Amino acid sequence: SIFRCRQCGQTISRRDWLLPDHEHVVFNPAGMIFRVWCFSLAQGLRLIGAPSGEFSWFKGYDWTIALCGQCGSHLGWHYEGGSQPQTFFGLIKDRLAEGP
Ligand SMILES: O=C1CC[C@]2(CC(c3ccc(Cl)cc3Cl)=NO2)C(=O)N1
Ligand SMILES: [Zn+2]
């Protein structure tokens with residue numbers, strides 16, 4: 001029901017906050033594959049830098065790197081500047097732990 005940072009246990013999100021498919025399998029320009037779950041809402045992150053559109057997986061959205069606010073582990077990206085919705089989070093599924 002709750003998603004925590006796999007590395008340190010920081011509270012991040014909830015199954016209830018998943019945003020549809022909620023799963024997207026993508027590759028960055030360094031050829032790294034991420035299984036990304038989209039969330040309407042997340043907490044306990046630190047958004048680093050200003051947004052960029054470069055190589056955005058989601059048409060009309062700019063991304064900022066989302067670290068775990070506690071341990072600094074890269075948990076995914078915040079997406080902004082789009083429409084329906086304006087903002088959402090793309091979190092790397094295998095860097096989260098699910099439970100009570
Ligand atoms: O939506 C996204 C999130 C982030 C991103 C873009 C990206 C990147 C951008 C510029 C440079 Cl110079 C180097 C990198 Cl390694 N890495 O992952 C991606 O591909 N799509
Ligand atoms: Zn963490």
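Residue numbers start at 1 and run along the sequence shown.
- Note that CD of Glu98 is 8.5 Å distant from NZ of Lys93, once rounded to the nearest 0.5 Å.
- Distance check: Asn28 CG to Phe55 CZ gives 9.0 Å after rounding to the nearest 0.5 Å.
- We find the CD-CG distance between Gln10 and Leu67 to be 11.5 Å, quoted to the nearest 0.5 Å.
- Of all non-hydrogen atoms in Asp62 and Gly53, the two that sit nearest each other are OD1-CA, 3.2 Å.
- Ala66 and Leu47 get closest at one heavy-atom pair: CB-CD2, 3.7 Å.
- Contact annotation: the side chain of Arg4 approaches that of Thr11 to within less than 4.5 Å [non-hydrogen atoms, C-beta and beyond].
- Residues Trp77 and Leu45 are not in side-chain contact: their nearest non-hydrogen atoms beyond the backbone lie 4.5 Å or more apart.
- The closest donor-acceptor contact from the side chain of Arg95 to the backbone of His74 lies under 3.5 Å.
- Applying the ring pair (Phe, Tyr, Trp, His ring centres under 6.0 Å) test to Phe89 and every residue at least two apart in sequence or in another chain returns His78.
- Under the 4.5 Å side-chain contact rule for hydrophobic residues, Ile92 and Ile2 do not share a cluster.
- The same ILVMFWY cluster, assembled from side-chain heavy atoms under 4.5 Å apart, contains both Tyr79 and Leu19.
- Take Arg46 and apply the salt bridge (charged side-chain N to carboxylate O under 4.0 Å, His left out) test, not counting sequence neighbours, and it matches no residue.
- Applying the side-chain contact (heavy atoms from CB on, under 4.5 Å) rule to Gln86 yields no partners; only residues at least two apart in sequence or on another chain are considered.
- Atom CG of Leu91 and atom CZ of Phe39 lie 5.5 Å apart (nearest 0.5 Å).
- Pairing each heavy atom of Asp21 with each of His24, the nearest pair is O-NE2, 2.8 Å.
- In this structure, the side chains of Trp37 and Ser13 stay at 4.5 Å or more apart for every pair of heavy atoms.
- Interatomic distance, OH of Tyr61 versus OG of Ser56, reported as 9.5 Å (0.5 Å rounding).
- Distance check, rounded to the nearest 0.5 Å: CH2 of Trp63 to CH2 of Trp57 gives 9.0 Å.
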